[PDB]
$ cat input25.pdb   # PDB, C-alpha atoms
ATOM      1  CA  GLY A   1      31.422 118.118 124.479
ATOM      2  CA  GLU A   2      32.822 116.608 121.293
ATOM      3  CA  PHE A   3      36.145 118.271 122.178
ATOM      4  CA  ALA A   4      36.081 116.930 125.738
ATOM      5  CA  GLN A   5      35.361 113.395 124.552
ATOM      6  CA  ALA A   6      38.141 113.536 121.964
ATOM      7  CA  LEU A   7      40.555 114.848 124.593
ATOM      8  CA  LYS A   8      39.642 111.889 126.814
ATOM      9  CA  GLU A   9      40.312 109.551 123.886
ATOM     10  CA  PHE A  10      43.674 111.232 123.278
ATOM     11  CA  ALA A  11      44.578 110.998 126.979
ATOM     12  CA  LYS A  12      43.841 107.272 127.098
ATOM     13  CA  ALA A  13      45.984 106.644 124.019
ATOM     14  CA  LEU A  14      48.771 108.772 125.490
ATOM     15  CA  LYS A  15      48.631 106.783 128.743
ATOM     16  CA  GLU A  16      48.890 103.524 126.797
ATOM     17  CA  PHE A  17      51.811 104.909 124.779
ATOM     18  CA  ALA A  18      53.554 105.860 128.029
ATOM     19  CA  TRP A  19      53.156 102.328 129.347
ATOM     20  CA  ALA A  20      54.525 100.789 126.140
ATOM     21  CA  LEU A  21      57.514 103.171 126.232
ATOM     22  CA  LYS A  22      58.185 102.220 129.848
ATOM     23  CA  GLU A  23      58.013  98.535 128.911
ATOM     24  CA  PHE A  24      60.552  99.167 126.139
ATOM     25  CA  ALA A  25      62.821 101.067 128.544
ATOM     26  CA  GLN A  26      62.626  98.204 131.015
ATOM     27  CA  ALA A  27      63.540  95.692 128.306
ATOM     28  CA  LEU A  28      66.602  97.867 127.585
ATOM     29  CA  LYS A  29      67.466  97.408 131.284
ATOM     30  CA  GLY A  30      67.356  93.629 130.789
TER      31      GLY A  30
ATOM     32  CA  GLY B   1      34.913 120.196 115.822
ATOM     33  CA  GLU B   2      38.067 120.425 113.743
ATOM     34  CA  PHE B   3      40.057 120.112 116.971
ATOM     35  CA  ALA B   4      38.117 116.974 117.920
ATOM     36  CA  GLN B   5      38.928 115.264 114.618
ATOM     37  CA  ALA B   6      42.609 116.175 115.051
ATOM     38  CA  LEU B   7      42.722 114.753 118.588
ATOM     39  CA  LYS B   8      41.139 111.540 117.298
ATOM     40  CA  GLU B   9      43.775 111.311 114.554
ATOM     41  CA  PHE B  10      46.549 111.788 117.121
ATOM     42  CA  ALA B  11      45.014 109.107 119.368
ATOM     43  CA  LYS B  12      44.930 106.681 116.429
ATOM     44  CA  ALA B  13      48.617 107.315 115.746
ATOM     45  CA  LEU B  14      49.578 106.848 119.414
ATOM     46  CA  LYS B  15      47.839 103.464 119.481
ATOM     47  CA  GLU B  16      49.917 102.360 116.489
ATOM     48  CA  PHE B  17      53.150 103.636 118.030
ATOM     49  CA  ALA B  18      52.437 101.840 121.306
ATOM     50  CA  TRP B  19      51.968  98.514 119.545
ATOM     51  CA  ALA B  20      55.307  98.961 117.765
ATOM     52  CA  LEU B  21      57.075  99.711 121.066
ATOM     53  CA  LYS B  22      55.587  96.563 122.622
ATOM     54  CA  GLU B  23      56.877  94.554 119.649
ATOM     55  CA  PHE B  24      60.314  96.140 120.083
ATOM     56  CA  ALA B  25      60.260  95.355 123.826
ATOM     57  CA  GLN B  26      59.508  91.702 123.067
ATOM     58  CA  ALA B  27      62.355  91.679 120.538
ATOM     59  CA  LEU B  28      64.758  92.824 123.260
ATOM     60  CA  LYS B  29      63.774  89.728 125.287
TER      61      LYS B  29
ATOM     62  CA  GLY C   1      31.972 119.462 133.532
ATOM     63  CA  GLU C   2      33.267 116.986 130.987
ATOM     64  CA  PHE C   3      35.970 119.430 129.866
ATOM     65  CA  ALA C   4      37.503 119.595 133.350
ATOM     66  CA  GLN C   5      37.206 115.816 133.603
ATOM     67  CA  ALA C   6      39.001 115.422 130.267
ATOM     68  CA  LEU C   7      41.741 117.804 131.409
ATOM     69  CA  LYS C   8      42.193 115.699 134.562
ATOM     70  CA  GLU C   9      42.530 112.558 132.467
ATOM     71  CA  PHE C  10      45.019 114.354 130.197
ATOM     72  CA  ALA C  11      47.002 115.336 133.298
ATOM     73  CA  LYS C  12      47.113 111.726 134.553
ATOM     74  CA  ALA C  13      48.265 110.482 131.151
ATOM     75  CA  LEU C  14      50.945 113.145 130.910
ATOM     76  CA  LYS C  15      52.185 112.152 134.361
ATOM     77  CA  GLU C  16      52.442 108.542 133.176
ATOM     78  CA  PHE C  17      54.382 109.783 130.140
ATOM     79  CA  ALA C  18      56.745 111.646 132.472
ATOM     80  CA  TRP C  19      57.534 108.477 134.427
ATOM     81  CA  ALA C  20      57.973 106.495 131.198
ATOM     82  CA  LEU C  21      60.359 109.080 129.732
ATOM     83  CA  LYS C  22      62.415 109.097 132.944
ATOM     84  CA  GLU C  23      62.621 105.292 132.760
ATOM     85  CA  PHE C  24      63.854 105.576 129.178
ATOM     86  CA  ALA C  25      66.437 108.166 130.248
ATOM     87  CA  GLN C  26      67.587 105.758 132.989
ATOM     88  CA  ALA C  27      67.950 102.974 130.409
ATOM     89  CA  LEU C  28      70.010 105.185 128.091
ATOM     90  CA  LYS C  29      72.402 106.289 130.854
ATOM     91  CA  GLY C  30      73.375 102.966 132.423
TER      92      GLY C  30
ATOM     93  CA  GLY D   1      36.029 124.158 141.873
ATOM     94  CA  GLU D   2      36.656 121.346 139.406
ATOM     95  CA  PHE D   3      38.135 123.514 136.636
ATOM     96  CA  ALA D   4      40.710 125.078 138.953
ATOM     97  CA  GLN D   5      41.491 121.597 140.299
ATOM     98  CA  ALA D   6      41.936 120.273 136.763
ATOM     99  CA  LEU D   7      44.225 123.190 135.873
ATOM    100  CA  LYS D   8      46.360 122.575 138.957
ATOM    101  CA  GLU D   9      46.662 118.849 138.212
ATOM    102  CA  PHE D  10      47.509 119.654 134.581
ATOM    103  CA  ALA D  11      50.169 122.163 135.662
ATOM    104  CA  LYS D  12      51.652 119.557 138.001
ATOM    105  CA  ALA D  13      51.787 117.012 135.184
ATOM    106  CA  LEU D  14      53.386 119.590 132.868
ATOM    107  CA  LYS D  15      56.048 120.198 135.541
ATOM    108  CA  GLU D  16      56.696 116.464 135.929
ATOM    109  CA  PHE D  17      56.896 116.045 132.154
ATOM    110  CA  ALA D  18      59.322 118.976 131.902
ATOM    111  CA  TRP D  19      61.517 117.378 134.562
ATOM    112  CA  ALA D  20      61.505 114.134 132.583
ATOM    113  CA  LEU D  21      62.388 115.982 129.386
ATOM    114  CA  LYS D  22      65.304 117.647 131.175
ATOM    115  CA  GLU D  23      66.419 114.230 132.466
ATOM    116  CA  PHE D  24      66.097 112.740 128.975
ATOM    117  CA  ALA D  25      68.060 115.619 127.434
ATOM    118  CA  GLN D  26      70.878 115.034 129.924
ATOM    119  CA  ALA D  27      70.916 111.332 129.039
ATOM    120  CA  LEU D  28      71.223 112.056 125.307
ATOM    121  CA  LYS D  29      74.800 113.289 125.788
TER     122      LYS D  29
ATOM    123  CA  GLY E   1      39.139 129.395 122.269
ATOM    124  CA  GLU E   2      42.843 129.841 122.757
ATOM    125  CA  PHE E   3      43.162 127.246 125.541
ATOM    126  CA  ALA E   4      41.428 124.638 123.376
ATOM    127  CA  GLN E   5      43.766 125.578 120.506
ATOM    128  CA  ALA E   6      46.744 125.220 122.854
ATOM    129  CA  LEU E   7      45.632 121.783 124.027
ATOM    130  CA  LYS E   8      45.311 120.710 120.374
ATOM    131  CA  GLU E   9      48.770 122.034 119.464
ATOM    132  CA  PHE E  10      50.280 120.367 122.534
ATOM    133  CA  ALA E  11      48.548 117.077 121.698
ATOM    134  CA  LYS E  12      49.933 117.314 118.154
ATOM    135  CA  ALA E  13      53.432 117.925 119.520
ATOM    136  CA  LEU E  14      53.125 115.016 121.960
ATOM    137  CA  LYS E  15      52.129 112.789 119.048
ATOM    138  CA  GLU E  16      55.108 113.934 116.967
ATOM    139  CA  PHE E  17      57.389 113.386 119.982
ATOM    140  CA  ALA E  18      55.920 109.905 120.468
ATOM    141  CA  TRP E  19      56.680 109.090 116.831
ATOM    142  CA  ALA E  20      60.260 110.290 117.308
ATOM    143  CA  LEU E  21      60.630 108.132 120.431
ATOM    144  CA  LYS E  22      59.302 105.094 118.555
ATOM    145  CA  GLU E  23      61.825 105.653 115.749
ATOM    146  CA  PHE E  24      64.638 106.089 118.283
ATOM    147  CA  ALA E  25      63.560 102.860 120.007
ATOM    148  CA  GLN E  26      63.498 101.026 116.661
ATOM    149  CA  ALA E  27      67.146 101.927 116.093
ATOM    150  CA  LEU E  28      68.122 100.768 119.591
ATOM    151  CA  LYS E  29      66.608  97.315 119.086
ATOM    152  CA  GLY E  30      68.597  96.656 115.902
TER     153      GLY E  30
ATOM    154  CA  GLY F   1      38.746 139.097 134.710
ATOM    155  CA  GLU F   2      42.206 138.198 135.965
ATOM    156  CA  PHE F   3      41.507 134.463 135.745
ATOM    157  CA  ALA F   4      40.608 134.694 132.047
ATOM    158  CA  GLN F   5      43.787 136.665 131.434
ATOM    159  CA  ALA F   6      45.810 134.059 133.333
ATOM    160  CA  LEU F   7      44.239 131.260 131.276
ATOM    161  CA  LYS F   8      45.086 133.086 128.041
ATOM    162  CA  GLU F   9      48.709 133.516 129.144
ATOM    163  CA  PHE F  10      48.805 129.829 130.107
ATOM    164  CA  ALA F  11      47.404 128.895 126.682
ATOM    165  CA  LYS F  12      50.090 130.936 124.917
ATOM    166  CA  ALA F  13      52.827 129.385 127.078
ATOM    167  CA  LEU F  14      51.444 125.911 126.329
ATOM    168  CA  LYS F  15      51.693 126.676 122.607
ATOM    169  CA  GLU F  16      55.346 127.687 123.107
ATOM    170  CA  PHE F  17      55.883 124.340 124.864
ATOM    171  CA  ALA F  18      54.241 122.619 121.881
ATOM    172  CA  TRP F  19      56.609 124.385 119.455
ATOM    173  CA  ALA F  20      59.637 123.422 121.562
ATOM    174  CA  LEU F  21      58.519 119.811 121.865
ATOM    175  CA  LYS F  22      58.134 119.527 118.079
ATOM    176  CA  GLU F  23      61.628 121.003 117.746
ATOM    177  CA  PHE F  24      62.957 118.391 120.176
ATOM    178  CA  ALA F  25      61.180 115.549 118.369
ATOM    179  CA  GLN F  26      62.860 116.629 115.119
ATOM    180  CA  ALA F  27      66.234 116.829 116.880
ATOM    181  CA  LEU F  28      65.966 113.151 117.853
ATOM    182  CA  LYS F  29      65.748 112.157 114.169
ATOM    183  CA  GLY F  30      69.117 113.611 113.174
TER     184      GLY F  30
ATOM    185  CA  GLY G   1      42.969 136.509 143.063
ATOM    186  CA  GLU G   2      45.970 134.479 144.136
ATOM    187  CA  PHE G   3      45.088 131.500 141.920
ATOM    188  CA  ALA G   4      45.093 133.674 138.795
ATOM    189  CA  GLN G   5      48.359 135.290 139.878
ATOM    190  CA  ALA G   6      49.953 131.880 140.426
ATOM    191  CA  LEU G   7      48.701 130.621 137.063
ATOM    192  CA  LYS G   8      50.326 133.642 135.392
ATOM    193  CA  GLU G   9      53.556 132.845 137.257
ATOM    194  CA  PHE G  10      53.322 129.230 136.084
ATOM    195  CA  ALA G  11      52.711 130.347 132.493
ATOM    196  CA  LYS G  12      55.848 132.498 132.583
ATOM    197  CA  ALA G  13      57.859 129.566 133.938
ATOM    198  CA  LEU G  14      56.437 127.235 131.290
ATOM    199  CA  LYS G  15      57.373 129.720 128.561
ATOM    200  CA  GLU G  16      60.916 129.892 129.915
ATOM    201  CA  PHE G  17      61.147 126.105 129.982
ATOM    202  CA  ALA G  18      59.841 125.904 126.408
ATOM    203  CA  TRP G  19      62.476 128.360 125.208
ATOM    204  CA  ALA G  20      65.204 126.394 126.975
ATOM    205  CA  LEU G  21      63.956 123.144 125.428
ATOM    206  CA  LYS G  22      63.856 124.765 121.990
ATOM    207  CA  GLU G  23      67.402 126.070 122.470
ATOM    208  CA  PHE G  24      68.581 122.581 123.483
ATOM    209  CA  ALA G  25      66.809 120.982 120.509
ATOM    210  CA  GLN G  26      68.346 123.408 118.037
ATOM    211  CA  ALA G  27      71.798 122.938 119.601
ATOM    212  CA  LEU G  28      71.278 119.168 119.207
ATOM    213  CA  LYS G  29      70.356 119.722 115.556
ATOM    214  CA  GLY G  30      73.704 121.503 115.135
TER     215      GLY G  30
ATOM    216  CA  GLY H   1      45.050 128.699 148.996
ATOM    217  CA  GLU H   2      46.614 125.297 148.459
ATOM    218  CA  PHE H   3      46.201 125.461 144.662
ATOM    219  CA  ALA H   4      47.928 128.843 144.331
ATOM    220  CA  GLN H   5      50.824 127.686 146.513
ATOM    221  CA  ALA H   6      51.154 124.504 144.437
ATOM    222  CA  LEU H   7      51.264 126.476 141.185
ATOM    223  CA  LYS H   8      53.973 128.738 142.603
ATOM    224  CA  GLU H   9      56.049 125.729 143.670
ATOM    225  CA  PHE H  10      55.645 124.160 140.212
ATOM    226  CA  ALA H  11      56.641 127.433 138.546
ATOM    227  CA  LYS H  12      59.775 127.698 140.696
ATOM    228  CA  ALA H  13      60.813 124.138 139.810
ATOM    229  CA  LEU H  14      60.068 124.665 136.103
ATOM    230  CA  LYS H  15      62.420 127.639 135.824
ATOM    231  CA  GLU H  16      65.162 125.634 137.523
ATOM    232  CA  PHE H  17      64.687 122.856 134.954
ATOM    233  CA  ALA H  18      64.915 125.521 132.235
ATOM    234  CA  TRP H  19      68.214 126.853 133.608
ATOM    235  CA  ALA H  20      69.680 123.329 133.638
ATOM    236  CA  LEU H  21      68.520 122.744 130.059
ATOM    237  CA  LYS H  22      70.039 126.067 128.937
ATOM    238  CA  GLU H  23      73.363 124.875 130.385
ATOM    239  CA  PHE H  24      73.056 121.563 128.523
ATOM    240  CA  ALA H  25      72.468 123.528 125.316
ATOM    241  CA  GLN H  26      75.549 125.692 125.865
ATOM    242  CA  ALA H  27      77.699 122.604 126.511
ATOM    243  CA  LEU H  28      76.647 121.225 123.106
ATOM    244  CA  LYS H  29      78.320 124.206 121.395
TER     245      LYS H  29
END

$ encode --input "input25.pdb" --output "structure tokens"
Amino acid sequence: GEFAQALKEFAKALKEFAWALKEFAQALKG
Amino acid sequence: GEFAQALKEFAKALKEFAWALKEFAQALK
Amino acid sequence: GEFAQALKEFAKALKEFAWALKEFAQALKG
Amino acid sequence: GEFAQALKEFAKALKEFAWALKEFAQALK
Amino acid sequence: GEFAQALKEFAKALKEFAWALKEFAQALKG
Amino acid sequence: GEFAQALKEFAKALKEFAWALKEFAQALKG
Amino acid sequence: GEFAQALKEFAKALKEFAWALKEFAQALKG
Amino acid sequence: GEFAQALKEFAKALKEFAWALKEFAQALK
């Protein structure tokens, strides 16, 4: 319910964090 | 309930961290 | 229900985080 | 059913994340 | 229940780890 | 039954993973 | 059944990984 | 069936990651 929706919101933010981290890693690779 | 509010707070923080990493990645270009 | 759906979305996001962290490890190494 | 499927996908992601943590730990030294 | 508690604790830890990665990245970029 | 016991053991192991991940996040600071 | 047994096996493995990660983190702290 | 086998394979790999990480920790000291 409220917990499931908040976990979905957390998951989406975590996914976006992952993609930003990968972008940073790739910038470190030039 | 209390767990839902905590998860929302963590999501908020992750959004902020992701923006900073994207700024850092641009700085390395 | 929605809880299982949220757990599946959490799993996908955590998988993306795994790939991102590996990329960062690659960038640190070489 | 869908809950068992979600648990299995979550376990797989936990395993992949643990592998990445192990890889990251190796890279730190 | 305990699984919901565990997901919350793990989400909290992921968030703290994400902060630590962001700080590490900040140092690497100068 | 045995599934509920397995889920409880999984929840407790996930909490241990949470504790370890917070420990690792702190170790990146220093 | 076998799913619950395998989930218990996975939980034990996850606990062992968490302990190893915690040990690494605390060794990194010094 | 397939889910139980998957979980067992993940568990086997997880413990192997743990043993590698334990070795990394010992090398630090």

$ atom_distance --input "input25.pdb" --atom1 "CA of residue 10 (chain C)" --atom2 "CA of residue 28 (chain A)"
27.3 Å

$ interface_residues --input "input25.pdb" --of "chain E" --to "chain D" --cutoff "12 Å" --atoms "only C-alpha atoms" --output "JSON, numbers by chain"
{"E": [3, 7, 10, 14, 17, 21, 24]}

$ resolve_selection --input "input25.pdb" --expression "the PyMOL selection byres ((chain A) within 7 of (chain C))" --output "PyMOL selection string"
chain A and resi 1+4+7-8+11-12+14-15+18-19+21-22+25+28-29

$ calpha_fit_and_write --input "input25.pdb" --fixed "chain B" --moving "chain D" --output "short mmCIF file (atom, residue, chain, number, x, y, z; two decimals) with C-alpha atoms, in the coordinates of the input"
data_model
loop_
_atom_site.label_atom_id
_atom_site.label_comp_id
_atom_site.auth_asym_id
_atom_site.auth_seq_id
_atom_site.Cartn_x
_atom_site.Cartn_y
_atom_site.Cartn_z
CA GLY D 1 35.11 119.80 114.25
CA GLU D 2 38.79 119.95 113.34
CA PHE D 3 40.13 119.87 116.92
CA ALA D 4 38.16 116.73 117.79
CA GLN D 5 39.31 115.19 114.50
CA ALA D 6 42.93 116.06 115.29
CA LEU D 7 42.60 114.56 118.78
CA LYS D 8 41.16 111.34 117.37
CA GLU D 9 43.93 111.04 114.77
CA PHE D 10 46.52 111.76 117.47
CA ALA D 11 45.01 109.11 119.76
CA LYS D 12 45.08 106.61 116.89
CA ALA D 13 48.75 107.38 116.24
CA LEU D 14 49.53 107.04 119.96
CA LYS D 15 47.86 103.60 119.90
CA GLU D 16 49.85 102.54 116.83
CA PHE D 17 53.07 103.80 118.41
CA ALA D 18 52.28 101.93 121.64
CA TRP D 19 51.74 98.74 119.64
CA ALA D 20 55.11 99.25 117.96
CA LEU D 21 56.79 99.85 121.31
CA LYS D 22 55.27 96.62 122.63
CA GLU D 23 56.52 94.80 119.51
CA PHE D 24 59.98 96.34 119.93
CA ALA D 25 60.09 95.39 123.61
CA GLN D 26 59.28 91.78 122.71
CA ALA D 27 62.07 91.78 120.13
CA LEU D 28 64.64 93.02 122.66
CA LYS D 29 64.57 89.66 124.46
#
